[PDB]
K.L.:
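Before anything else, here's the structure in question.
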Amino acid sequence: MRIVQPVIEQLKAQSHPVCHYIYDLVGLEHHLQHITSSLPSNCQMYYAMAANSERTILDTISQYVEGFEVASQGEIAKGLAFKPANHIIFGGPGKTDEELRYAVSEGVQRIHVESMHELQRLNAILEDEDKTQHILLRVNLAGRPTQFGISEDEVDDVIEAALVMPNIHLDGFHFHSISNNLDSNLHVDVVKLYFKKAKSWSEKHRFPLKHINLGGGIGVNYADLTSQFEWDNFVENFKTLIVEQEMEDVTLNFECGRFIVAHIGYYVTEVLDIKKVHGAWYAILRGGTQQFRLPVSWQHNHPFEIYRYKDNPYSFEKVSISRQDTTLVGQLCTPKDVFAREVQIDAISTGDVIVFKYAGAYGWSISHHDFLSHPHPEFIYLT
Amino acid sequence: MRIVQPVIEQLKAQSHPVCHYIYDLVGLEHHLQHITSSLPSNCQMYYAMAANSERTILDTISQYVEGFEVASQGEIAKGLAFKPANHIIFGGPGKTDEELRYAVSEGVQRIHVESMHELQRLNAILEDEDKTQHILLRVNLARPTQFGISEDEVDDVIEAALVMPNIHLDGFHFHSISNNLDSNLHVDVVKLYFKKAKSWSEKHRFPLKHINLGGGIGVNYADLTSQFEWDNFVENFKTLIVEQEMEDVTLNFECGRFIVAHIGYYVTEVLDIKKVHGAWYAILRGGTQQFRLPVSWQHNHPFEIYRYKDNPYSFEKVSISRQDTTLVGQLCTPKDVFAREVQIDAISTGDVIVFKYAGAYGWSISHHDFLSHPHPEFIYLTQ
Ligand SMILES: Cc1ncc(COP(=O)(O)O)c(CNCCNC(=O)C[C@](O)(CC(=O)O)C(=O)O)c1O
Ligand SMILES: NCCNC(=O)C[C@](O)(CC(=O)O)C(=O)O
């Protein structure tokens, strides 16, 4: 509340309707300074802009991170606004010929190759353009069947194919098995598996293990806001693992999105209407889940807080309820437009503002902005 | 495939990437002509543009339908380009003061009021502007959703509406069910709307001018041959108007899905084919951020396969036959799935997947800019 309330009160004082995204850039910079500086000298931090690729967010982040992790030519173009191509790293299971040629043309640092067929499509462009390209092979370790990377048993044949292509520079491997892990001790064991796997292929095939992309998937807790990822405990144990496994001459990198921008983002919206239907209570808010789809996608009740507005703009009384199971919804004409279902609300009124915390990662970026053609939420960036 | 194959062959012949929404406007016109002509003279068809508000689709639709059903200021704005204000009807659970003032200013045909507080906000705007407005009251007949007025509360809102001089109560709005495939069950629901609507008008002593019977006409995605029996529905619907003495009561539907579903196609080329831990995958251009319907509804979306004979690359295609295969897009999320473990007769890299019945809630519900991919090209077939 402390961060957003001065903004909400200004909007109320000016009679502007509250349907906003608010981002705390000071807290973002402070958070990034700590994370990147704690890392060892051989490890790097790339920002995965999937979580949030708003231009102001990238402007702020660029200074503190090594580079950007991108999943398309459009994300490359957004990254090139603030970083050189050789600090952009390109992953994804379906990179088109256009994207590969554009990536090669711009000269992106690495392409994280996810198949034998992709390798050959890339290599054909490299022979055509007469360029070379640093790559990692993305590996899918035996957890379940997904579309991502090379299946573990197929990896050997893709290594041998990449090594005999002179235009390909096989730096090493890319692992991204999990997303949203909250356990720091467990994440260290995932990294240990990556080191042992990467070293075994390097030793079997006899090529220099130059680089390992350890992926991302550093979790954010939406249920319990006090129990976040123990980054300091992780980093210090992660440092111990590097020296134990002798990975000091191997350059490492993470590609984090959610953990970097989640807690610094807020989706704030005014209460338009409160109603009781067949027993159940509902609070209808401005905007909707087409602007903030995270709770519907993940199927949880998103954490929020209620700013109690004291004035009344109408000549008639506000609708108020107290201590009821209340379902929070937007303006959409679908029953799926639900921020939170049957959650406790101590006091809520028409004219109050719901402050959804932890809205900065995969909030606006995953949302179906133009469904039912509502106007976009307004964007405020605090400095 | 007869409709889309000429377009696919043109794209391959021109060496353009295949990632397209293709629409059959000739088919759309024949569908509209069939529906609009078959209705009784006291009932009109409005198009609920949430399903598809593309300007070419609206232009084609506006020629045949009575008007547009809208649920935001943006949908009103789109509708006004092709219909006049007095053939636009406005619903939705969270109409803002700005949207209500806009609707009144433009002079919309009806506003479908969904609560007591909305009625009072509308009335306050009407007294300020010194205007009147025809309305219906949206009723929620006895499961709980956020929509309309709870049945027990209806009497109080009617009495409040009748006392307001600026409000002109035409009657009621019912939209209980969604995606119903049985014509006979829909007639019973329409009969139930008549019984309830008359009961309120006789009790409260005002003329029952209009009843909005909603949409909810289903489209079958599992079995394409077993669609909604419109001809069967309309004749029993005509019978019912006479039985319940509703010839002088003027009516309307508000259909979205049923109008545009079968005439739209989402067409995309196979970029990769891989095996991961025993399971086959086909990576397609675009993704569920362009066509979200399969993920939202959690089904295997119906499709056909166009085989392409030529090979643009000097290395071999990946070709499979008679395999259970998961179809995925370019996205970096494992939720990017068009269809899961579906038996495919034969497929190679460079072939084209043709997702049928992609015209309703395809592009319109999708998260277009997630991972910043370029939009698919839009073709509208007219000859
Ligand atoms: C008032 C009113 N009138 C008419 C209609 C149109 O109904 P019909 O098209 O069915 O005839 C609707 C449906 N309102 C839109 C219903 N939405 C959908 O069917 C798709 C989706 O929104 C997908 C998603 O967002 O995940 C969903 O909830 O499944 C409506 O709410
Ligand atoms: N699954 C863990 C990774 N989550 C995200 O990165 C967010 C999203 O991509 C957003 C979404 O498309 O629903 C998702 O897959 O839930």
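These numbers come from the heavy atoms of this one structure, side chains and all, not from hydrogens, waters or symmetry mates. Chain identifiers are assigned alphabetically (A, B, ...) following the order of the sequence lines, protein sequences preceding nucleic acid strands; residue numbering begins at 1 within each chain.
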K.L.:
Centres of the B:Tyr46 and B:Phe253 rings: under 6.0 Å?
P.N.:
no

K.L.:
If you measure only the distance, is there a donor-acceptor pair under 3.5 Å linking the side chains of B:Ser296 and A:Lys336?
P.N.:
yes

K.L.:
Is there a donor-acceptor contact under 3.5 Å linking the side chains of B:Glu69 and B:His112?
P.N.:
no

K.L.:
In terms of side-chain heavy atoms, does B:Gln290 have a donor or acceptor partner in B:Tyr266 at a distance below 3.5 Å?
P.N.:
yes

K.L.:
Can you find a side-chain donor-acceptor pair between B:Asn212 and B:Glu254 that sits under 3.5 Å?
P.N.:
yes

K.L.:
Quick one: does B:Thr268's side chain get under 4.5 Å of B:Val18's, heavy atoms only?
P.N.:
no

K.L.:
Answer yes if the side chains of B:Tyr380 and B:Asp59 hold a donor-acceptor pair under 3.5 Å, and no otherwise.
P.N.:
no

K.L.:
Quick one: do the B:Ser150 and B:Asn140 side chains pair a donor with an acceptor below 3.5 Å?
P.N.:
no

K.L.:
In terms of side-chain heavy atoms, does B:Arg138 have a donor or acceptor partner in B:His175 at a distance below 3.5 Å?
P.N.:
no

K.L.:
Less than 3.5 Å apart, any donor N or O on the side chain of B:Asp24 or B:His262 sitting next to an acceptor on the other?
P.N.:
no

K.L.:
Using only heavy-atom distances, determine whether the side chains of B:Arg110 and B:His173 contain a donor-acceptor pair under 3.5 Å.
P.N.:
no

K.L.:
For B:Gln5 and B:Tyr306, which I'm curious about, is there any donor-acceptor pair between the side chains at under 3.5 Å?
P.N.:
no

K.L.:
Go through the side-chain N and O atoms of B:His375 and B:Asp369 and say whether any donor and acceptor fall under 3.5 Å apart.
P.N.:
yes

K.L.:
Aromatic contact between A:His302 and A:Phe339, with the criterion being ring centroids under 6.0 Å apart: yes or no?
P.N.:
no

K.L.:
Checking B:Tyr193 against B:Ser176: is there a side-chain donor and acceptor pair closer than 3.5 Å?
P.N.:
yes

K.L.:
Does a donor on one side chain and an acceptor on the other come within less than 3.5 Å for B:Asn42 and B:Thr250?
P.N.:
no

K.L.:
Would B:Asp345 and B:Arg322 pass as an ion pair if we require N to O under 4.0 Å?
P.N.:
no

K.L.:
Between B:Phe90 and B:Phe68, is the ring centroid distance below 6.0 Å?
P.N.:
no

K.L.:
Can B:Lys12 be said to sit on top of B:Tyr308's aromatic six-ring, NZ or CZ under 6.0 Å from centre and within 45° of the ring axis?
P.N.:
yes

K.L.:
Side chains of B:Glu304 and B:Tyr265: is there a donor and an acceptor less than 3.5 Å apart?
P.N.:
no

K.L.:
Any luck finding a side-chain donor-acceptor pair between B:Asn52 and B:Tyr23 under 3.5 Å?
P.N.:
yes

K.L.:
Could you verify whether a donor N or O on one side chain and an acceptor N or O on the other, from A:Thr146 and A:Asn140, lie under 3.5 Å apart?
P.N.:
yes

K.L.:
In this structure, is the centre-to-centre distance between the rings of B:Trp363 and B:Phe291 below 6.0 Å?
P.N.:
no

K.L.:
Is the gap between the ring centers of B:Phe378 and B:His20 under 6.0 Å?
P.N.:
no

K.L.:
B:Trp230 and B:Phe258: aromatic ring centres closer than 6.0 Å?
P.N.:
yes

K.L.:
Output yes when B:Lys196 and B:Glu151 qualify as a salt bridge under the 4.0 Å nitrogen-oxygen rule, no when they do not.
P.N.:
yes

K.L.:
Check this for me: does any side-chain nitrogen of one of B:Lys78 and B:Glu54 sit under 4.0 Å from a carboxylate oxygen of the other?
P.N.:
no

K.L.:
Between B:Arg285 and A:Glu99, does the salt bridge (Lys or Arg N to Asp or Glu O under 4.0 Å) criterion hold? Intermediate values first, please.
P.N.:
CA-CA 12 Å; B:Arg285 193 187 276 261; A:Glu99 289 179 316; over 6 Å; no

